Each structure stands twice: as C-alpha cells, then as structure tokens.
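A.B. asks: This is the structure, below, for whatever I ask next.
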Amino acid sequence: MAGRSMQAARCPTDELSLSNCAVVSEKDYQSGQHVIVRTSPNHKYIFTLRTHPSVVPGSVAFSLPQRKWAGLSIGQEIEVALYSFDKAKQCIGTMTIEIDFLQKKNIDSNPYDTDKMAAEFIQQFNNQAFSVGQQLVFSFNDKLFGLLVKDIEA
Amino acid sequence: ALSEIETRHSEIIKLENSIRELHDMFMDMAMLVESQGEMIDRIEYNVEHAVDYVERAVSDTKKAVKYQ
Amino acid sequence: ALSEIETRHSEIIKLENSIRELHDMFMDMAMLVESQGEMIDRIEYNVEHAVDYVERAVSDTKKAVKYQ
Amino acid sequence: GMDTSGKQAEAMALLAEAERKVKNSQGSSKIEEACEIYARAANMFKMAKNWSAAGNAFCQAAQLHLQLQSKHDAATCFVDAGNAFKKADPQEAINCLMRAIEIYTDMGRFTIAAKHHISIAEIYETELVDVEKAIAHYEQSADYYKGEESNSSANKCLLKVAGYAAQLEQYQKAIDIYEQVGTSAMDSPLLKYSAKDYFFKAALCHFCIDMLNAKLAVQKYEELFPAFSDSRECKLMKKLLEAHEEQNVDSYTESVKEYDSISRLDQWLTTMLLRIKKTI
Amino acid sequence: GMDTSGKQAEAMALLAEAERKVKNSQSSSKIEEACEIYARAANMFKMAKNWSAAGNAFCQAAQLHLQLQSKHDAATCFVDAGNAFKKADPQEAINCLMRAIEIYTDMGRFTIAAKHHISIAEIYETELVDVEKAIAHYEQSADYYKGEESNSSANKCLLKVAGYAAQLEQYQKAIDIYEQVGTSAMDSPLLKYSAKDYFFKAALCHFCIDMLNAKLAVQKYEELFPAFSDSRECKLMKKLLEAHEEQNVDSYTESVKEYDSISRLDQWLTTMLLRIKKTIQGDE
Amino acid sequence: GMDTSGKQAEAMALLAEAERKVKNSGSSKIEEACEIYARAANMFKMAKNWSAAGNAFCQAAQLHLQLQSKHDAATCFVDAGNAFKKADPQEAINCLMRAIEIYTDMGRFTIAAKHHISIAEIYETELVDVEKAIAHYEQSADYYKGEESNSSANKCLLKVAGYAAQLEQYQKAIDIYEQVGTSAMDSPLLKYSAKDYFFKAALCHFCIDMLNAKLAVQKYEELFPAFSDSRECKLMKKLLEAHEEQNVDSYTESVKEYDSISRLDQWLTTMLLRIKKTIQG
Amino acid sequence: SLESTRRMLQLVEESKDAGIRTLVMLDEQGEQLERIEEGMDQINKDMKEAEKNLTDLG
C-alpha cells in the first residue's frame, strides 16, 4: 500500500505456488489486488496477492519461478506498494509467450494441440496481472513446461 | 603399447598432489610469518620504551644522589 | 610431432627451470632462517640475565633503604 | 638421582615452619618471609611431581601477597597456580585465571587478558566439553585484540568463533564472519591467495539456508572477486547446484567423490556435505 | 560486569571527581595523582566503547604532563589519544600523531618517527584520499629510514611513493625510483630474481612518454642485465613494440588478451596497458 | 620546512655555547658541554650535513673519554663512524677501530666482530684493498667461532675462501671449502647445499692439475656418495675426460650445455676460463 | 620424457622435505618468540614499580 518493508518467504503449499499468485497473509490484503514490489531503485515487478491460511503476517511467500525472476533471497528486505491498472491502455487483447520444456526427463515427440491449450490458459489466470518478461510454469496434460513472456499486444 | 600409456597416466597425478601439498604448506608459512612479524614489532616497541626509561631513571637518580 | 613434441619439450624445460629456482629459493630460506634462530637464541640469555639482575637489585635496594 | 621422598619431606617441613611463622603474627616482614617460603615450597612440590600441593601453596602465597598493597605479585602467583592446576582439576585453574584476568584488566593492559581468555577457552573446549563459554571467551579475546589493532589474532579468533557457530547451526554469524574475513584478506599481498577458501566456506552455509540464496551468493562473490571463477571450489559448487536442481543424487555423489579423491575432506566439510545431500 | 551503562557511569563519575580535584588543587604533588586518575578514566572510557571520551582524557593527561617537566609520558599520552581518535576523529588523531612526531624528532629518536609518518600517510590515503600529503609523508619516512641505514623499509617506501607518482602521471619520478630499486636488488643474492619486475615497470613508463624511449630503455636493461632477455616480460614488451610500430591494434589486443589469459594482472598493469592502447589507437 | 639554514644556525649557536662553557673550566660544565654537543650533532644529522655531525660526535666522544666514562665514548665513536660512512671512509674506519679497541677491553666479542665486519665491508665496497678485508673477515670469523657460533662463523669463511681463490691462493680456499663441507654434511638441514661447496673445491683442485682434480673427485665421492649423482659432478667427469685429449670443442660444448639450463656467475666463468687457458694447452 | 618426469618427481620430493623442516623449525621459533614476549612484560612492570618507589622515597 504505502511501501512498507516486509520479507520474502517460501511457498506454503504446492497448489498455491502453481497458482502463479503470490501468497499473502489474510490479515494484510485481499485477493484480487496488485502490488508493484520494489527491490532496487530500478527494479520493480508487478504481482498479484492471494490469501491463504497460515504464513506469519508481514511476509509474502513466493515460488521458485518468482524468486528466480526477481532474484529474491529468503530473509531479504523488500518494499511492496499497491499498483493500480489503467483499463484504457493496460487492457490485454493478446500476448506472446515462448514455451519450452521444463524437465528434460519428460521429452517426447507426441503432437501438441496448440489451440486446445489456449482456452485452458484463459481458464487458468483470467483477470490476473501479467507483465512483460515474467517467467512462469505451465501445466499441460501430464506435462510441465516453462513459459516466458516476450511481447504483449493490446 | 599400453605400458607407456599407463606410465604416462601414472606419472602426472603424483606431481599434482605434491604441488598442492607444497601450496598448502607455503600458505600456512605466510600466515604464521605475518603473525610473527607483528609480534616482533611489539617486541621492539617494548624494548625501546624499557631502554628509554632506564636512561631516564638512572640519570635522575644519579643527579639526585650527587646533589643530595 | 607438431604441437605434440613442441609442447612436451617446452613445458618440460620450463617446469625444470622453475623447479630449480624453487630449490635455490628454499635453500636460501633455510640458511637465513637458521641465522635468525640463533640470533633469537642469543637474545634469550641476556633477557634472563637482565630480569634476574633487576629483580635482585630492586629487592636489595628497597630493603636497605627502608632499614636505614 | 631425583627421588621424590626428600623433596616432599623438605617441602612439607618448609610449609609447616612457614605456617608456624605466619600463625604467630596475631611488623610486616613476617608476611613477606612467609610468602617467600610458600613460593619455595610450591616450587619444591612442583619438582616433586605433585601438582595439587604446588598449586595450593601458590594460591596461599598469592592470597598472602594480595593481603598487602602489592597486587601484581598476586596476579603472577595466581597465573602460576592455574598453570600448576591445569593437570588435576581445571576448575580451580579457571577460577584463578579469571581472577588474574580481572586484576590485569583493572591494571590497564589487555593483551595478556586476551591470552588468558584464549587459555580459558582452550581449557573449556578440551576438558569441559563446552562450546558456548568457549565461544564467548573467543569473542571477548577477539574484541580485545581488535581494540589494539591486532588484526591477525582477532581474525583467527573470529575464524574459530564462526566455525563453532556453524557447528551449532547458527549460519548467519558464520557467514557474516567469513565474508568479513575474506574481504579483509582480499586486500593483502600475502593473505590474498587464501581469500578464496573463506568465501567457499561461507557459500556452503548459504546452501544450508537455501539453494537460490547460494546461487546468488556465488554470483555476488564471483563479481566481487573475478579470480574466484577459476578455483576448484567454484566448479564443485556449480556442479553440486546443477545436480541438486533436478533431484539428481547420483551426479552429486560422483562429483563429491571425484573432488575428494584429489584432496581429503575434513570433518567439517564432510559433515556439511552430508547434511546438504540429506536435504535432497 | 559486562554492563556498559554501569561502566560508563563509573567512568564519568571518576572523571568528574578528577576534574573537581584538579580544580581544587589549582587554587605539583597533586598533579601526579590528577594524571593517574585521568589515565584511569581514559582506560575506563576505552573499555566503555566511548572512544571520544578516552581520547579526550588522554589529551588532557598529555597536556597535564606537558605543563610539567616531562616529555616522554606526554608523547605516550599523545599516541594513545591519536590511536583512540583514529576511529572517530581522523583530524585530531593526525594532530596528535604529528605533535608526537615533533616531540620524538626533538628528542632524537628517528625510527619511531618514521613509523608514525607511515601511519599518518596510511590514514591520509585510506580516509581523506589525499595523494600528495601521503606522498610527502612517505618521502619523509623513506629519507629517515635511509638515514638510519635501513634499506628494506626505505625501499618499500620508495616503491609505494613511486607507484603513487606513476598513478599521478609523473612518470620520471617512478622511472628513476624503479631503476634505483632494480639496481639495489640486482646487487643482492636473494632479491636478484625479483630484480626483473622493477625493470619491466620502468619499461612501461617509458612507453607512456615515447615508444622509441621504450626501445632504448629495453635495450639498456638488456645489455645491463642479460637474464632479463629470457623473461616473458621482455618478449611481451618487444611484441607490443612491434605491434605499435605496425599500427596493427588487433595484434596488440590479441597478445594482451593472451597474456591476461595465462595469468591475471593488477589494476596498475591493466590501466597502464589501456593508456598505451588508447595512445596507439590514436595513431591508427 | 625550516630549511638547512636555520638548523645550521641553531647548531652553530649550540656549538658556540658549548665551547664557551668548556672555556670557563667542573663536572656540570663538561656534562652540559657534551649534552649540547650531542644535540648539535643530532641537529646536524637532521640538517643533512654529514661532516659537522661526525666532528661533534667525535668531540663528545673525546669529552666522555677524558672523564671516567667508557661506553658513552664508544657509542659516540660508532655514531661518528656511521655519520662518516658517507663523508670520509678513513675517519669512519678510524672511529670504528677505536670503538672496537674500547669494546674488546671488557670482553664484548660480538660487537667487535660486527664492527670488524662493517670495516671489511667498507674496505671491500669502495677501496680496492682485498688483503685487509680478508684479514678483517678472518678476525671476525675467529671472534664468532670463539663463542661457539658455528652458524655465524661460516659466512665469513666462505667469503675469505672466495677472495683467496680470486687471489690465486688455491690451497687456503680448498682447505676452507673442504672444512665447511665436512661441517655441513653432518647437519641434515644444510646437507642439501653441501654439494655446492664440494663442487667448488673440485674446481679449485682442477685449477692446479687434472690428476689432482680426479683424485679429489674420487675422494669426495667415496666420502660423500650423493655428490656422485649430481649434475655438477657429471660436468666435472665430462670435462676431465674431454680435456685429456686436447679437444677444446668438447670442453666448450659441455660448458655451453651446462650454462643453458642454469646460468653461471662471474666467479664460475672466470675459473672455467682460467682452467681452459691454463691446462687445455 | 620419462626421465624428465623422474627428475621432476625427485625435485618436488626434495622441496617438500625442505618445506617440512622449515615448518617445524619455525614452530620452535614462534615458541621462543612467545616466551620472550611473556618475559618483557614482567621486566617492564617490575622496573616501573622500582622507579616509582625510588622517586617517591626521595
């Protein structure tokens, strides 16, 4: 909200981490809000807040992809401030994502129905904030892949 | 044939081991030498102070007894 | 041959020269360090003499002056 | 011939006659002669291989001398008593060493106080199998030495403190001390070559706390110290990170064995490596 | 106990008692006790982590000794105050050190003055980053050490001051100092092997003024010292000179990169090589 | 800061004060005069003057000498010699000799030996008199040996042997080298270096005749076996075999081959040249 | 080439032995240094006490 200092923490559960939404204490904020985490004077990344039981108030839990993208270490100080979206311009009409294998063990030559998965993406994180250069995990049928945002079209 | 190959493969690791041992010994040597040098510097300071005080005290007592 | 023999010969010769230099360095180290050791051994006896002398002198002079 | 019968007999006779002399004093020469005879009897008993009696005589002489205005003689006698008592019972040695430390610190000098603190910490570690009091004594000695700009001894004491803290799972203090010592040694013409090793140790601690933290610490260290990018420790830690990132234990073991083949691992390193392996 | 509040209160009360006692006496015998109590207060302040109070007490003790016919004790108090103030007040520590240096140089002793001059130069370089005053103090310390027949300390001071001068674009001073130290090591059995290094540095300095001067200096060092020929430094210098002659910056860059690959270089070497690189790049 | 002018003025003022105080001559006056002389000498040393300071130190030494004080005079004389180290070698030598004479009266051998070593350094570094340097080094070696300081009594012997070999007195050099090698071989720490001494001794024997070198090499090998498995002994054997048939080509080829791996100092090349010019003919 | 490796092996072994001897003798050196450091403090303290006593008596 006002930029108060808090601490990065580990994800409480695998399901919440796979949701791609940063877990925050229920006492601080409500699900659906957006905060622009400020790490350095020239490093600010947008994130969405989801409320889950447990987790001590005053700390935000991040999954491995988020810590890798923003380069946060456990116990490091971090500044969090609320972010407001401009619907007139920030509305996303289309996005460009690069998809690659997440684990080399599960490589296969089976055909991949690209269109079939597209709707699922909409079904997963609709109304959720997305920023250019955000690295995330993607769960296809019995498949784990890595997704990287490269371009965004209105 | 394979005799010379095995000989060449067996005459290289030992040099590495000996060189690494020498490296460790030399490093420890350097650290302890630095410590000893600091100790000797303190030694010299103490000796200088002691000798200066000896000169001062002997001169003072000699003049005092001379004048009575 | 080509890189093979030239590398063999050059590296071997350079390593031999460097090792000889290290041997000479260590010999000189040992000589000078032995000299330092005997120098400190020389210090020790006079240190002991001085401490014993000063202790006896101060005790005797204090007793003599107090009694008088 | 160095039979202890005559030495013991002479020592006990001297002790008894000195006790008689001091007892009669219900002007101050009696105390001085009693202390002198006590010191001589203590030395004779030390020659007789009996350390308890020598220490008792030393302590009695120290107390008698401290009864007078002179105090540094009491400190000398107390440190001698502690040295004598280091064999049979360490508790009395610790008590007398603490008293001597107190007197010396009151006098004004601190280097001897630091040395006595180091001796007390060594006694604690060796005999009383205690680490916390040893840690406190090492910290006090390091602070005293650093107060006099004695960097080498303070650095060694801090190294021991960081090691013991790491043994006790206190990673933050260990990493802080290791980073400080590595940074200090980076700017020396002699110690520079060792600056790598300390960093590696600190890096290992990070692995205990987390993985990405260790990776970021490695990146920071390499950027700060570019020459760290060619040392074997960096390559080993990179390989271990690669193996540990995909739930690979086989490659972890092969890399560990390959590195250990060239150089034998110590108890600290092998224990930390076993902990890291057990993590996953 | 280890409680800091109690120690601080005790030290402050003791200092106040000493101050009132000295004020009462001011209304020779009691001045000695005043000095002793001031020294005790300074020690307590030092162990109380209040460095400023300890330094002030040491300075007051030094003044009280100065007003009395005593100098060595005053200088000891001066150095104690300076060391205490090193952490908090660099300027007061420098003043105490320079006054104590004057005191020693008045008594006659020199080596301690050289050590304190080196300490002053070190504080100046590490805190106030003033190159010129550090250079002057190093020169004074080197002169004092040479006057006392001490060569190793004088050689080290000369090396440091020459390096600082080279960092300040004064190439002739560094060149002459390096040549002198190289000859000195040349006439020794132990340092002989290191004697090459100094010469190499000199060569680089010559390349900064002209490349022809660099060739002339290299040839002079070669004829004077044949062993310098086989050293890799001579080959590198000759190859760099040839590349500069042909204006082929690519060959110079490749050779320097290979030399860095085989072994690392300090900041001095890389900065001088970069200066030479830009000088040659201007030619092409 | 104050420049040499002010320091010189102050030193001259102090000297005039001391001269006037001694003129009206009693213990207090002479003590004040000597103290003022010491202060003036210290100021002169500060002023960078190296002649007036030595004269003032000598005057203070003489004043102490006339009074019943000896070690103070010795200290003043050694200070004067140190000051004269850059002013006039002869005055420094005389002052150091007087200091040695005073010191040796009370049995302080080490200080006298160090002063003799310094005198030999002066005699050998600037002046071209090698006989006096050899004599002084021998005196210092004897003084050190008298105190069981065998470790510190060997460097002087090696220097003396080297200079004697340079002076064609090969018998003395051979004797000294053999004695040093025999003493060193027993010490495990200094054993590694002992080879060199023996090798040098062999050269000294070769400078006389070939058969002497052969017999000496055989004697050394029997006495000490490791000397037989060293490169220097290999070179010695090769040279002895080659020279017998008057083949300078083999001699020079072997010399160059030895020089290639390790360089030789001035002494070794000079001895090799002498041997080749003398016996190869 | 094999003879070369033999020579390097022998030389490195000799160097290691020399280093070992230096380490042990220097340990003895450090012990002596510590002893003299311990002694000088008592020297200074006793001398200071004696000087103060003599000055006070006068």
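By convention in this document, the chains of the structure tokens carry letters A, B, ... by their order, each chain's residues are numbered from 1, and ligands are numbered from 1 in the order they are shown.
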Step one, run DSSP on the backbone; step two, keep only residues of segment 1-133 of chain A assigned to helix (DSSP H, G or I); then write them as a PyMOL selection string.

C.D. replies: chain A and resi 14-18+64-70+87-90+104-106+114-125

A.B. asks: Next, the residues of the selection above should be written as an mmCIF file, in the first residue's frame with N, CA and C atoms.

C.D. replies:
data_model
loop_
_atom_site.group_PDB
_atom_site.id
_atom_site.type_symbol
_atom_site.label_atom_id
_atom_site.label_comp_id
_atom_site.auth_asym_id
_atom_site.auth_seq_id
_atom_site.Cartn_x
_atom_site.Cartn_y
_atom_site.Cartn_z
ATOM 1 N N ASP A 14 2.105 -26.465 -2.474
ATOM 2 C CA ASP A 14 2.402 -26.580 -3.897
ATOM 3 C C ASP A 14 1.268 -26.024 -4.750
ATOM 4 N N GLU A 15 0.018 -26.265 -4.346
ATOM 5 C CA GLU A 15 -1.114 -25.791 -5.137
ATOM 6 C C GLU A 15 -1.116 -24.270 -5.240
ATOM 7 N N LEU A 16 -0.855 -23.579 -4.129
ATOM 8 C CA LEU A 16 -0.817 -22.120 -4.162
ATOM 9 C C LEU A 16 0.338 -21.618 -5.019
ATOM 10 N N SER A 17 1.500 -22.269 -4.928
ATOM 11 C CA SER A 17 2.638 -21.854 -5.743
ATOM 12 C C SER A 17 2.335 -22.015 -7.228
ATOM 13 N N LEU A 18 1.710 -23.132 -7.607
ATOM 14 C CA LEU A 18 1.368 -23.352 -9.007
ATOM 15 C C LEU A 18 0.305 -22.380 -9.500
ATOM 16 N N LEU A 64 9.465 -20.708 -6.586
ATOM 17 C CA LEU A 64 10.792 -20.684 -7.197
ATOM 18 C C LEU A 64 10.841 -19.817 -8.447
ATOM 19 N N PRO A 65 9.900 -19.919 -9.393
ATOM 20 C CA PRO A 65 9.983 -19.053 -10.582
ATOM 21 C C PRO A 65 9.981 -17.572 -10.248
ATOM 22 N N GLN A 66 9.176 -17.149 -9.270
ATOM 23 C CA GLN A 66 9.114 -15.732 -8.930
ATOM 24 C C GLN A 66 10.419 -15.252 -8.306
ATOM 25 N N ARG A 67 10.984 -16.035 -7.384
ATOM 26 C CA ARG A 67 12.258 -15.653 -6.784
ATOM 27 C C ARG A 67 13.363 -15.615 -7.832
ATOM 28 N N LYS A 68 13.361 -16.575 -8.759
ATOM 29 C CA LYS A 68 14.360 -16.570 -9.823
ATOM 30 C C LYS A 68 14.205 -15.348 -10.721
ATOM 31 N N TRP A 69 12.965 -14.991 -11.062
ATOM 32 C CA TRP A 69 12.735 -13.846 -11.938
ATOM 33 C C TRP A 69 13.143 -12.544 -11.260
ATOM 34 N N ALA A 70 12.721 -12.348 -10.012
ATOM 35 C CA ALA A 70 13.029 -11.129 -9.277
ATOM 36 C C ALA A 70 14.301 -11.236 -8.445
ATOM 37 N N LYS A 87 -7.301 0.830 -17.268
ATOM 38 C CA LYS A 87 -8.044 -0.029 -18.185
ATOM 39 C C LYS A 87 -7.997 0.495 -19.614
ATOM 40 N N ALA A 88 -7.896 1.814 -19.788
ATOM 41 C CA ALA A 88 -7.936 2.388 -21.129
ATOM 42 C C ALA A 88 -6.752 1.940 -21.978
ATOM 43 N N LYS A 89 -5.627 1.616 -21.352
ATOM 44 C CA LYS A 89 -4.416 1.253 -22.081
ATOM 45 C C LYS A 89 -3.844 -0.091 -21.657
ATOM 46 N N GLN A 90 -3.947 -0.447 -20.376
ATOM 47 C CA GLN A 90 -3.328 -1.667 -19.874
ATOM 48 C C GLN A 90 -4.108 -2.926 -20.224
ATOM 49 N N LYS A 104 13.942 -32.182 -18.656
ATOM 50 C CA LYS A 104 14.462 -32.980 -19.760
ATOM 51 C C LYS A 104 14.063 -34.447 -19.666
ATOM 52 N N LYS A 105 13.577 -34.900 -18.509
ATOM 53 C CA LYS A 105 13.170 -36.295 -18.376
ATOM 54 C C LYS A 105 11.916 -36.588 -19.192
ATOM 55 N N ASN A 106 11.010 -35.614 -19.299
ATOM 56 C CA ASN A 106 9.701 -35.815 -19.911
ATOM 57 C C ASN A 106 9.646 -35.324 -21.354
ATOM 58 N N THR A 114 -1.977 -27.053 -30.071
ATOM 59 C CA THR A 114 -1.703 -25.702 -29.590
ATOM 60 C C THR A 114 -2.991 -24.972 -29.223
ATOM 61 N N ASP A 115 -4.001 -25.039 -30.094
ATOM 62 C CA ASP A 115 -5.242 -24.313 -29.838
ATOM 63 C C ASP A 115 -5.956 -24.848 -28.604
ATOM 64 N N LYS A 116 -5.995 -26.173 -28.443
ATOM 65 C CA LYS A 116 -6.692 -26.767 -27.306
ATOM 66 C C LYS A 116 -6.210 -26.168 -25.991
ATOM 67 N N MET A 117 -4.901 -25.943 -25.869
ATOM 68 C CA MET A 117 -4.359 -25.417 -24.623
ATOM 69 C C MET A 117 -4.691 -23.943 -24.433
ATOM 70 N N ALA A 118 -4.862 -23.195 -25.526
ATOM 71 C CA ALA A 118 -5.051 -21.753 -25.413
ATOM 72 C C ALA A 118 -6.194 -21.422 -24.463
ATOM 73 N N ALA A 119 -7.367 -22.018 -24.695
ATOM 74 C CA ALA A 119 -8.505 -21.765 -23.819
ATOM 75 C C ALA A 119 -8.149 -22.063 -22.369
ATOM 76 N N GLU A 120 -7.442 -23.171 -22.133
ATOM 77 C CA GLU A 120 -7.055 -23.516 -20.768
ATOM 78 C C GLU A 120 -6.298 -22.369 -20.112
ATOM 79 N N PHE A 121 -5.385 -21.733 -20.850
ATOM 80 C CA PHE A 121 -4.670 -20.590 -20.294
ATOM 81 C C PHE A 121 -5.654 -19.530 -19.818
ATOM 82 N N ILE A 122 -6.622 -19.179 -20.667
ATOM 83 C CA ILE A 122 -7.655 -18.233 -20.256
ATOM 84 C C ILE A 122 -8.385 -18.758 -19.028
ATOM 85 N N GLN A 123 -8.674 -20.060 -19.006
ATOM 86 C CA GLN A 123 -9.364 -20.647 -17.865
ATOM 87 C C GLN A 123 -8.540 -20.573 -16.587
ATOM 88 N N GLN A 124 -7.219 -20.404 -16.694
ATOM 89 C CA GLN A 124 -6.366 -20.517 -15.516
ATOM 90 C C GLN A 124 -6.221 -19.184 -14.787
ATOM 91 N N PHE A 125 -5.700 -18.167 -15.470
ATOM 92 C CA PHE A 125 -5.314 -16.911 -14.836
ATOM 93 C C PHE A 125 -6.023 -15.718 -15.468
#

A.B. asks: Write out as an NGL selection string the residues lying within 8 Å of segment 17-28 of chain G, counting only C-alpha atoms and excluding same-chain residues fewer than 3 positions away.

C.D. replies: (:B and (22 or 25-26 or 29)) or (:C and (26-27 or 30)) or (:F and (189)) or (:G and (13-14 or 31-32))

A.B. asks: Go ahead and dump the residues you just picked, N, CA and C atoms, as an mmCIF file, in the first residue's frame.

C.D. replies:
data_model
loop_
_atom_site.group_PDB
_atom_site.id
_atom_site.type_symbol
_atom_site.label_atom_id
_atom_site.label_comp_id
_atom_site.auth_asym_id
_atom_site.auth_seq_id
_atom_site.Cartn_x
_atom_site.Cartn_y
_atom_site.Cartn_z
ATOM 1 N N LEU B 22 52.639 -28.665 -1.276
ATOM 2 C CA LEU B 22 53.562 -27.539 -1.172
ATOM 3 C C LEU B 22 52.805 -26.222 -1.067
ATOM 4 N N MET B 25 51.406 -25.823 2.454
ATOM 5 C CA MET B 25 52.478 -25.534 3.401
ATOM 6 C C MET B 25 52.940 -24.087 3.272
ATOM 7 N N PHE B 26 53.116 -23.615 2.036
ATOM 8 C CA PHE B 26 53.590 -22.251 1.820
ATOM 9 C C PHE B 26 52.577 -21.229 2.319
ATOM 10 N N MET B 29 52.773 -21.084 6.006
ATOM 11 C CA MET B 29 54.023 -20.385 6.278
ATOM 12 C C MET B 29 53.831 -18.876 6.216
ATOM 13 N N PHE C 26 64.435 -22.151 -1.618
ATOM 14 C CA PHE C 26 64.256 -22.845 -0.345
ATOM 15 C C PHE C 26 65.578 -22.984 0.401
ATOM 16 N N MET C 27 66.667 -23.259 -0.320
ATOM 17 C CA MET C 27 67.972 -23.342 0.334
ATOM 18 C C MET C 27 68.322 -22.024 1.023
ATOM 19 N N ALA C 30 66.276 -21.499 4.142
ATOM 20 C CA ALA C 30 66.743 -22.271 5.287
ATOM 21 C C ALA C 30 67.960 -21.619 5.926
ATOM 22 N N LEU F 189 69.842 -30.242 7.940
ATOM 23 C CA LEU F 189 69.225 -29.074 7.319
ATOM 24 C C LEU F 189 70.101 -28.514 6.205
ATOM 25 N N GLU G 13 59.944 -33.877 -4.383
ATOM 26 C CA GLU G 13 60.093 -34.544 -3.092
ATOM 27 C C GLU G 13 61.104 -33.814 -2.212
ATOM 28 N N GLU G 14 62.245 -33.428 -2.792
ATOM 29 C CA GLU G 14 63.242 -32.688 -2.022
ATOM 30 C C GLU G 14 62.672 -31.369 -1.509
ATOM 31 N N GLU G 31 57.598 -20.446 19.305
ATOM 32 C CA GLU G 31 57.568 -20.703 20.743
ATOM 33 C C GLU G 31 58.552 -19.792 21.476
ATOM 34 N N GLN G 32 59.772 -19.672 20.945
ATOM 35 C CA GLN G 32 60.759 -18.795 21.578
ATOM 36 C C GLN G 32 60.281 -17.345 21.594
#

A.B. asks: Quick one: distance from atom CA of residue 31 of chain D to atom CA of residue 45 of chain D in Å, one decimal?

C.D. replies: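 Pair atom CA of residue 31 of chain D / atom CA of residue 45 of chain D returns 20.7 Å.
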
A.B. asks: Taking only C-alpha atoms into account, what are the residues of chain C at most 10 Å from chain F, put as a count of residues only?

C.D. replies: 17

A.B. asks: Using only C-alpha atoms, find the residues of chain B whose closest atom to chain C is at most 12 Å away, then write them as a PyMOL selection string.

C.D. replies: chain B and resi 15+19+22+26+29+33+40+43+47+50-51+54

A.B. asks: With all C-alpha atoms paired in order, what RMSD does the least-squares fit of chain B onto chain C leave?

C.D. replies: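 Per the least-squares fit, the RMSD is 0.8 Å.
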
A.B. asks: At a cut-off of 12 Å, which residues of chain D touch chain G? Count only C-alpha atoms and give the answer as number ranges by chain.

C.D. replies: D: 70-73, 75-76, 104, 107-112, 115-116

A.B. asks: How would the residues just picked look written out with N, CA and C atoms as a JSON list (two decimals), in the first residue's frame?

C.D. replies:
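part24.json, freshly written:
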[["chain", "number", "residue", "atom", "x", "y", "z"],
["D", 70, "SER", "N", 50.64, -4.61, 47.47],
["D", 70, "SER", "CA", 51.10, -5.17, 46.20],
["D", 70, "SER", "C", 50.05, -6.13, 45.64],
["D", 71, "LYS", "N", 49.79, -6.00, 44.34],
["D", 71, "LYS", "CA", 48.74, -6.79, 43.69],
["D", 71, "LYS", "C", 49.23, -7.55, 42.47],
["D", 72, "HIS", "N", 50.16, -6.99, 41.70],
["D", 72, "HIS", "CA", 50.64, -7.69, 40.51],
["D", 72, "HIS", "C", 51.34, -8.99, 40.88],
["D", 73, "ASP", "N", 52.02, -9.02, 42.04],
["D", 73, "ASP", "CA", 52.60, -10.27, 42.51],
["D", 73, "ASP", "C", 51.52, -11.32, 42.73],
["D", 75, "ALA", "N", 48.73, -11.51, 41.06],
["D", 75, "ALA", "CA", 48.33, -11.97, 39.73],
["D", 75, "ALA", "C", 49.33, -12.99, 39.18],
["D", 76, "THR", "N", 50.62, -12.72, 39.35],
["D", 76, "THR", "CA", 51.64, -13.67, 38.88],
["D", 76, "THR", "C", 51.50, -15.01, 39.60],
["D", 104, "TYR", "N", 44.40, -7.94, 35.92],
["D", 104, "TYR", "CA", 45.16, -7.39, 34.80],
["D", 104, "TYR", "C", 44.34, -6.36, 34.03],
["D", 107, "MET", "N", 44.33, -3.24, 35.84],
["D", 107, "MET", "CA", 45.60, -2.52, 35.72],
["D", 107, "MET", "C", 45.62, -1.63, 34.49],
["D", 108, "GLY", "N", 45.13, -2.13, 33.36],
["D", 108, "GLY", "CA", 45.05, -1.32, 32.15],
["D", 108, "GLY", "C", 45.42, -2.06, 30.88],
["D", 109, "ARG", "N", 46.31, -3.04, 30.98],
["D", 109, "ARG", "CA", 46.71, -3.81, 29.80],
["D", 109, "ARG", "C", 45.64, -4.85, 29.47],
["D", 110, "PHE", "N", 45.57, -5.20, 28.19],
["D", 110, "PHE", "CA", 44.54, -6.12, 27.70],
["D", 110, "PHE", "C", 45.08, -7.29, 26.89],
["D", 111, "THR", "N", 46.29, -7.20, 26.33],
["D", 111, "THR", "CA", 46.82, -8.31, 25.54],
["D", 111, "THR", "C", 46.98, -9.56, 26.38],
["D", 112, "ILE", "N", 47.53, -9.41, 27.59],
["D", 112, "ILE", "CA", 47.66, -10.56, 28.49],
["D", 112, "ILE", "C", 46.28, -11.08, 28.89],
["D", 115, "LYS", "N", 45.21, -13.22, 26.06],
["D", 115, "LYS", "CA", 45.91, -14.50, 26.09],
["D", 115, "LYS", "C", 45.31, -15.43, 27.15],
["D", 116, "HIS", "N", 45.02, -14.89, 28.33],
["D", 116, "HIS", "CA", 44.42, -15.70, 29.38],
["D", 116, "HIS", "C", 43.02, -16.15, 28.99]]

A.B. asks: Would you list the contacts of residue 172 of chain F as a PyMOL selection string, taking every protein, DNA or RNA residue within 12 Å and counting only C-alpha atoms, but skipping same-chain residues closer than 2 positions in sequence?

C.D. replies: chain F and resi 134+157-158+160-170+174-179+201+204-205

A.B. asks: Excluding same-chain residues fewer than 4 positions from residue 180 of chain D, what lies within 12 Å of it counting only C-alpha atoms, as a ChimeraX atom specification?

C.D. replies: /D:154-155,158-159,162,173-176,184-187,195,198-199,202

A.B. asks: Return as a count of residues only the residues belonging to chain E that are within 12 Å of chain B, counting only C-alpha atoms.

C.D. replies: 14

A.B. asks: Taking only C-alpha atoms into account, report as a PyMOL selection string which residues of chain G lie within 7 Å of chain C.

C.D. replies: chain G and resi 8+11+15+18+22+29+36+43+50

A.B. asks: Compute the chain E side of the contact with chain F at 12 Å, counting only C-alpha atoms, and hand it back as a list in words.

C.D. replies: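 Putting it all together, I get residues 104, 105, 106, 107, 108, 109, 110, 136, 140, 143, 144, 146, 147, 148, 149, 187, 189, 226, 227 and 230 of chain E.
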
A.B. asks: Please identify every residue of chain E that has at least one atom no farther than 9 Å from an atom of chain D, counting only C-alpha atoms, and for each give the shortest atom pair and the distance in Å to one decimal, arranged by chain then increasing number, as JSON lines.

C.D. replies:
{"residue": "E:40", "atom": "CA", "partner": "D:108", "partner_atom": "CA", "distance": 7.8}
{"residue": "E:43", "atom": "CA", "partner": "D:108", "partner_atom": "CA", "distance": 6.4}
{"residue": "E:44", "atom": "CA", "partner": "D:108", "partner_atom": "CA", "distance": 8.6}
{"residue": "E:46", "atom": "CA", "partner": "D:147", "partner_atom": "CA", "distance": 8.8}
{"residue": "E:83", "atom": "CA", "partner": "D:148", "partner_atom": "CA", "distance": 8.7}
{"residue": "E:264", "atom": "CA", "partner": "D:227", "partner_atom": "CA", "distance": 7.9}

A.B. asks: Could you save those same residues with C-alpha atoms as a PDB file, in the first residue's frame?

C.D. replies:
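The resulting file, part_37.pdb, is shown below:
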ATOM      1  CA  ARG E  40      42.381   5.527  34.725  1.00  0.00           C
ATOM      2  CA  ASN E  43      41.202   3.414  30.267  1.00  0.00           C
ATOM      3  CA  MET E  44      37.653   3.024  31.590  1.00  0.00           C
ATOM      4  CA  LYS E  46      38.239   2.924  26.235  1.00  0.00           C
ATOM      5  CA  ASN E  83      45.016   5.801  18.329  1.00  0.00           C
ATOM      6  CA  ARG E 264      45.825 -12.206 -14.192  1.00  0.00           C
TER       7      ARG E 264
END

A.B. asks: Give me, as an MDAnalysis selection string, the residues of segment 39-151 of chain A that a backbone DSSP run labels strand (DSSP E).

C.D. replies: chainID A and resid 39:40 43:51 59:62 77:82 94:101 135:140 143:151

A.B. asks: Calculate how many Å separate atom CA of residue 8 of chain A from atom CA of residue 206 of chain D, rounding to one decimal.

C.D. replies: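 Spanning atom CA of residue 8 of chain A to atom CA of residue 206 of chain D is a straight-line distance of 16.0 Å.
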